[PDB]
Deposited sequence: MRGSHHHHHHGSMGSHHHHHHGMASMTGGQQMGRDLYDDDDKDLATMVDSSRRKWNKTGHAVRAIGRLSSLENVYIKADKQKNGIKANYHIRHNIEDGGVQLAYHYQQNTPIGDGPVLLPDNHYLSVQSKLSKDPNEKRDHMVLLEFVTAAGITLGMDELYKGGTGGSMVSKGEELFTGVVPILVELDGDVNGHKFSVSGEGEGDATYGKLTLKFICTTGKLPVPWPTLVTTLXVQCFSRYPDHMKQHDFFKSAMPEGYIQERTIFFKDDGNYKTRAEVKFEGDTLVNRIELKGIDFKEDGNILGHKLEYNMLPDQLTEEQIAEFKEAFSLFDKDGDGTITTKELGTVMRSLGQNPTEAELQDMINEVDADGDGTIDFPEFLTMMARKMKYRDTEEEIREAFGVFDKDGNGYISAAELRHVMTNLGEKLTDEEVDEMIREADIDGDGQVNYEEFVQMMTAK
């Protein structure tokens, strides 16, 4: 009957499981740490900008926040911000523009274990943004207006390029263009520097390294002026390639509609079930170990804890079905690097011969769950065997994992 409508099914499951472990092994949030010397905080993270004709552009950020004021501030223990960005266009806007929607929430400190400034953020606060830029001598300016609602960690902003054509891609300016609007949970309110610095505010400084291209250097004043929260930025860009991804405008805007098909949910539910061995709706360290062990890895308890904590929204110490859904949705929106895809291929290519033998694919899926037979196995191979060789190579593998 159909080997094909259930080998395509069996493929996704294992593809998703391998991509999910790749994710739990990555550091994708905004890592915050105290900076006693500057009476402030440091941050590091990376941004993925999908390249227009396939590929991903990485942007490594190093951040520094210092209060403008003499007054006391909250110095956090290490935690992270978890961000969802949505970029759109206003259908009635003739000028070069960007509509930004962001949901930001603090996490990273488990349940197993406030400020004067917070007062100013209980309602909806109007925001004003102003940037002067210079990238490789190409100047530009951006003006922004919108609103913040820290109760939900929601931000909404509309930007106009006041100088005409923006010489860099809009996505590259998202992080530059108000972390005081994050939602800190009740258990973590004492770790919120941003709000604690208000109304006098902070200086935000960053260096952003676009891999294989130039960098930005930003300096920003984030403070209240009346009952408006204001962000005034200066950006300087050097060492860009004229033909490159940034100056050459080769980055995607914002593709994939923010919401998932009842079909994609089901696709991810199949994957989720590979880990949720006991069908309780949540993935424990024990469960993650089993999966990893059966993929050849051998992690410590500490590692397992860390992995979970990358995506553990509620701090319970486990990955619940919703948290899994968020994680997978995000992993689907942003492209993986060469190295990441290489790692994924190595799960399968046990001998390291550069070739996924039908033999090796059977081994994998055995150890994982499935009761696949040498007939279904064969059918999978055939589906993305571009060069008819009877084995899957790197290039082949890249297409099979989309």
>> Relative to the deposited sequence, which regions have no modelled C-alpha positions in the structure?
In response: 1-44, 158-169, 234, 460-461
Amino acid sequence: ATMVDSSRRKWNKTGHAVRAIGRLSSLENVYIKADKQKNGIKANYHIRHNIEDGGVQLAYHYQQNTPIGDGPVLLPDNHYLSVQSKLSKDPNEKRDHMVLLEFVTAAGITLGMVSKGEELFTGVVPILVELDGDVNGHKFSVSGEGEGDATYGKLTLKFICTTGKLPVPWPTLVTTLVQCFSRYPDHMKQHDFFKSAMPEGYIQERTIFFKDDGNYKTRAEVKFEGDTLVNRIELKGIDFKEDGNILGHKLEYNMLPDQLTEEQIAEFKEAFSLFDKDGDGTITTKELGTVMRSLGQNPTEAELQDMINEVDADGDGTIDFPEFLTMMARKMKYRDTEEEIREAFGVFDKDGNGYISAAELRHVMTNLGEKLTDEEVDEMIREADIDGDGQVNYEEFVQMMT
From here on, numbers count along this sequence of modelled residues.
> When the C-alpha temperature factors are averaged for each of 289-297 and 138-146, which stretch ends up with the higher value in the entry?
Replying inline: 289-297
>> Mean Cα B factor from the PDB record: higher for 195-203, or higher for 261-269?
In response: 261-269
>> Looking at the C-alpha B-factor values in the deposited entry, which of 70, 35, 28, 336 comes out highest?
In response: 70
> Should residue 49 be placed in the lowest, middle or highest third of its chain by the C-alpha B factor in the entry?
Replying inline: lowest
> What third of the chain, by the recorded C-alpha B-factor, contains residue 65?
Replying inline: lowest
>> Can you tell me whether residue 223 has a C-alpha B-factor in the lowest, middle or highest third compared with the other modelled residues of the same chain?
In response: lowest
> If you rank every modelled residue in this chain by C-alpha B factor, which third holds residue 116: lowest, middle or highest?
Replying inline: highest
> Sorting the chain's CA B-factors, does residue 350 end up in the lowest, middle or highest third?
Replying inline: highest
